[PDB]
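These notes concern the structure reproduced below.
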Ligand SMILES: [Mg+2]
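Residue numbers (the authors' numbering): 1 to 420, 429 to 542, 548 to 716, 732 to 858, 863 to 892, 906 to 968.
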């Protein structure tokens, strides 16, 4: 398809804040890696440093960090004081957005009305999101230790407490919507996670949106700003840090990687428009491709078969002879297994044309920037293509060679070299979970192609396979029966679902809750450990895997095929429990010191271990891989040996509807045969109830739907299989998705604009709609906007919402609505059309039209895992530790000093955050 021009670039990398500064550092072979400090960890790092294999410790503090960056919050379309109170994650993304648009010459342009943004991002806790959840666990730990040790015992806060805006918990998807609002973008926006490949996934999909005309300009970039303690504990349990402290991509002596943080952004336009408008072109994206490794390797290990495949797909897409590639910016992280596999893959592919391109890795200078890792790689390659110079890979003294000696150090510049027919470069990124991307780049040019291929025309999507697990409605058949009988799944909180925290009077007082709300909780799931290869994986991933597997079977899918897996989700907020455990190391030490009780080292470790085990289990290898959101999509692709892209997609409540839009685009721009769209939100956690209370009151009793003033608790997971309508048979089809459309904003006007677009796309009139599936969230501003817009649009249609049956499932809520609607249309025995409306914290309105089809769809070691976990207080107060008796006697009758910083509960109080429709922070 058409050449894409890069017309603006920005970076915030370890060591640099602008592309020319970064380039000069590369030319000078600057090492930008450094040791983490309390600025990164919020604690003294030495207290958490030990040897490999030591529990709750990391064995390496080296990384690529962002030091001495002072964000300027002025000059955006959102108020300075609001933006100043957001995490590095948000601020770094806003910074590179402003810089990249200003570089391209479009900051504040009316052209931004047709500009979208796709953002690679980690679904991990951030330094700010921790502040919103830690006091839940630590108040309970504090009160248990008072009961065990001394009524005046006081636990210290995990770090210096800071007042923290609730929006800092919207980690995965909201940063992309915030960029769109703060820069005035009017096009599509979402975040995605493809682990180390997310930057090139974002660029490739943004090119796709340009090729289908969904936008006339796109921002594509990524940000890596997770809590460094969470990141480094993970790479320590993975044993990914080098035992000899040598991180040296391509070097024989390298034993591992160092991780890193930062952000990057690029501005993309079709080359025809860039030449017409007189933009500065940095480079041409000639083509590229995505792939998944499919079956064969552990979720953290690369598979050469998927890497060769993405090369084949990329040069075919670019229509470029692989003989012409001069330089490849490699994924090479310094991990031995991965460095050798990538060298084998490149040997296999390029030896077919007898080409030996130069090779390099900017991970040598910066570390591995995780979701942002592709940004410095692509920036290096595009600047090298424009300037005709290739910077060195640093610290490379004794280079590896490929399996058969095809590539050696002769192809790896260790100084700046001149460039070795357009100058042509490849960029490769190979992420955890088998997620691969390769982009083909060429030097900038004003010359337009005379002939290029075009995207396929869009078609309605046919839903051919579905499964659902909402509350106690544990499969599609049970959900269908529930809906037809107008029943609900509302129940009291399962005993272990909040780890017993609903019994803590101080926590519940802070949350202003008389009781845990009645709601559609999932108490447990049954799963076949044999089929799914299950140190257990967290329920977020197990729930998604089960429904996706069932939907794939229901849709008649076939193993080994080019099928994509998109998972709509936001972060598992229960991931904060892991640092909730780990941080008690210094919290308990500080408490004992400050209060004046001098235990032995062995007594203090035993006391600390008892408290830790109450909160969470110590990190284990497989369990930590399930903390990584994109891996749940990869696990399905590995089970089915699928080769399409496998990613998570995050856009808050509109996550699923952005997946529908993406699936349509994937069929237009690639040869993918089917797309699984799965969705999961275990939104009955205490963390989610805490978070959503900041936006409006919950219905504690769990019991015109638009007239409700409180939201209902629910949780679960569901999945659908979609194919283009022209490629399914009648007996497969539940219902068709005829249109999905979006409009910026959250008010009644935005609803009518999105609805008009969707009705036009579907080819029907508003009077053709039989009924309306309202969002009906129970947040008053959203309900009130729908009460205005929907009866006006559809005066003769009845309005209802699936949330009345199974509650508000937040990041999965679009899937509940689609599946309810598809089941109803599949039952039609009256051409019938139903509209679905969507609102959320992403500040856009989604509107969908679904339609009935000719026929009803034709149907084709089990272990129980409970959600939640061990009761925190009981695990501490009833501990069977023998040495606990002697510790209690060291406390008996003593006067304790007050601690300097006790656990603070202020951030738990419902914050009263105004809805997007109020425009409270719009300048
Ligand atoms: Mg092309």
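All residues carry an ideal CB built from backbone N, CA and C; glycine is no exception.
Checklist entry - So residue 41 is in the alpha helix (DSSP H); what residue range does that whole segment cover? => result In the DSSP assignment, residue 41 falls within the unbroken alpha helix (DSSP H) covering 38-41.
Next on the checklist: Extract the residue ranges of the beta strand (DSSP E) inside the region 229-287, only unbroken runs of 3 or more that lie entirely within it.
Outcome noted: Counting only runs of 3 or more, we get 262-270.
Checklist entry - Sorted by chain position, which residues of the same chain lie with C-beta nearer than 6 Å to residue 752's C-beta, five sequence neighbours on each side aside? => result Taken in chain order, the residues that qualify are 467 and 680.
Next on the checklist: Taking the straight line between their C-alpha atoms, what separation do you get for residue 255 and residue 590?
Outcome noted: Those two C-alpha atoms are separated by around 31 Å.
Next on the checklist: Going by DSSP, what residue range makes up the alpha helix (DSSP H) through residue 313?
Outcome noted: Note, residue 313: alpha helix (DSSP H), 304-318.
Checklist entry - Per DSSP, residue 153 forms a beta bridge with which residues? => result Answer is none; residue 153 lacks a bridge partner.
Checklist entry - Hey, residue 204 and residue 288 are a contact pair by Cβ (cut 8 Å); roughly how many whole angstroms apart? => result Right, their Cβ atoms sit about 5 Å apart.
Checklist entry - Taking the alpha-carbon positions, what's the residue 713 to residue 953 distance? => result Answer to the nearest angstrom: the Cα atoms are 17 Å apart.
Item to check | C-alpha distance - residue 190 paired with residue 853, whole-angstrom precision | outcome: Rounded to the nearest whole angstrom, the C-alpha separation of residue 190 and residue 853 is 29 Å.
Checklist entry - What's the call for residue 235, buried or exposed, on a 16-neighbour Cβ count within 10 Å? => result Per the 10 Å Cβ criterion, buried.
Next on the checklist: Using the Cβ count rule (16 or more neighbours within 10 Å means buried), how would you classify residue 537?
Outcome noted: With fewer than 16 other Cβ atoms within 10 Å, it is exposed.
Next on the checklist: Give me, in chain order, the residues of the same chain whose beta-carbon lies closer than 8 Å to that of residue 682; leave out the 5 immediate sequence neighbours on both sides.
Outcome noted: Once the five neighbours on either side are set aside, the close Cβ partners of residue 682 are 1, 208, 211, 212, 463 and 464.
Checklist entry - Which runs of the alpha helix (DSSP H), 4 residues or longer, sit entirely within the region 55-105? => result Secondary structure in the region 55-105: the alpha helix (DSSP H) runs of 4 residues or longer, each lying completely within the stretch, are 80-84 and 88-104 in chain order.
Checklist entry - Under 8 Å between the Cβ atoms of residue 766 and residue 802? => result No, the pair does not count as a contact, with Cβ atoms beyond the cut-off.
Checklist entry - Taking the alpha-carbon positions, what's the residue 960 to residue 876 distance? => result Our two residues, residue 960 and residue 876, have alpha carbons roughly 12 Å apart in a direct line.
Checklist entry - Would you call the CB atoms of residue 567 and residue 283 closer than 8 Å? => result Contact: no.
Checklist entry - Shortest alpha-carbon distance to residue 686 belongs to which of 692, 678 and 693? => result Of 692, 678 and 693, the residue nearest in Cα terms is 678.
Checklist entry - Which stretch, first to last residue, makes up the alpha helix (DSSP H) that contains residue 672? => result Bounds of the alpha helix (DSSP H) holding residue 672 are 668-682.
Checklist entry - Should residue 442 and residue 747 be called a contact, given that it needs their Cβ atoms to be closer than 8 Å? => result Cβ distance not < 8 Å, so residue 442 and residue 747 don't count as in contact.
Item to check | Span separating the alpha-carbon of residue 507 from that of residue 64 | outcome: Each residue's Cα considered, the two are about 36 Å apart.
Checklist entry - Within the present structure, is the beta-carbon of residue 3 separated from the nearest heavy atom of ligand 1 by less than 7 Å? => result True, at least one ligand heavy atom lies under 7 Å from that Cβ.
Next on the checklist: How far does the beta strand (DSSP E) with residue 499 in it extend, from its first residue to its last?
Outcome noted: Looking at the DSSP string, residue 499 is not in any beta strand (DSSP E), and its letter there is neither H nor E.
Checklist entry - Cβ-heavy atom distance between residue 460 and ligand 1 below 7 Å? => result Distance from the C-beta of residue 460 to the nearest heavy atom of ligand 1 is below 7 Å.
Item to check | For residue 333, the nearest candidate out of 361, 306 and 326 (CA to CA) | outcome: Out of 361, 306 and 326, 361 has the C-alpha closest to the C-alpha of residue 333.
Checklist entry - If we ignore side chains and look at the alpha-carbon of each, how far apart do residue 202 and residue 669 end up? => result In this structure, the alpha-carbon of residue 202 lies about 18 Å from that of residue 669.
Checklist entry - Which class does residue 523 belong to by DSSP, given the choice of helix, strand or coil? => result In this structure, residue 523 counts as coil in the three-state DSSP scheme.
Item to check | The beta strand (DSSP E) enclosing residue 1057, as first and last residue numbers | outcome: Only positions 1 to 968 of the chain appear in the structure, and residue 1057 is not among them; the question remains open.
Checklist entry - With contact counted as at least three CB pairs below 8 Å, one residue from each stretch, are the region 102-110 and the region 473-492 in contact? => result Here the region 102-110 makes no contact with the region 473-492; the two share fewer than three CB pairs at distances below 8 Å.
Item to check | residue 318 beta carbon near ligand 1 (any heavy atom closer than 7 Å) | outcome: Closer than 7 Å to some heavy atom of ligand 1: that describes the Cβ of residue 318.
Next on the checklist: Are the CB atoms of residue 779 and residue 743 within a distance shorter than 8 Å?
Outcome noted: Cβ distance not < 8 Å, so residue 743 and residue 779 don't count as in contact.
Checklist entry - Do you know offhand how far residue 757's Cα is from residue 565's? => result Annotation: residue 757 to residue 565 spans about 16 Å, alpha carbon to alpha carbon.
Checklist entry - Which residues in the same chain have their Cβ closer than 7 Å to the Cβ of residue 323, if we skip the five residues on either side of it in sequence? => result Short of 7 Å from the beta carbon of residue 323, and not among the five residues preceding or following it, lie these beta carbons of its own chain, in chain order: 353 and 355.
Checklist entry - What's the call for residue 830, buried or exposed, on a 16-neighbour Cβ count within 10 Å? => result Result: buried.
Item to check | Segment contact flag, the region 474-482 with the region 450-460, C-beta cutoff 8 Å, min 3 pairs | outcome: Contact fails: fewer than three Cβ-Cβ distances are below 8 Å.
Checklist entry - Among residues of its own chain, excluding the 5 on either side of residue 809, which ones have a beta-carbon nearer than 6 Å to its beta-carbon? => result Residues 960 and 962 of the same chain have their beta carbon placed closer than 6 Å to that of residue 809, with the five preceding and five following residues left out of the count.
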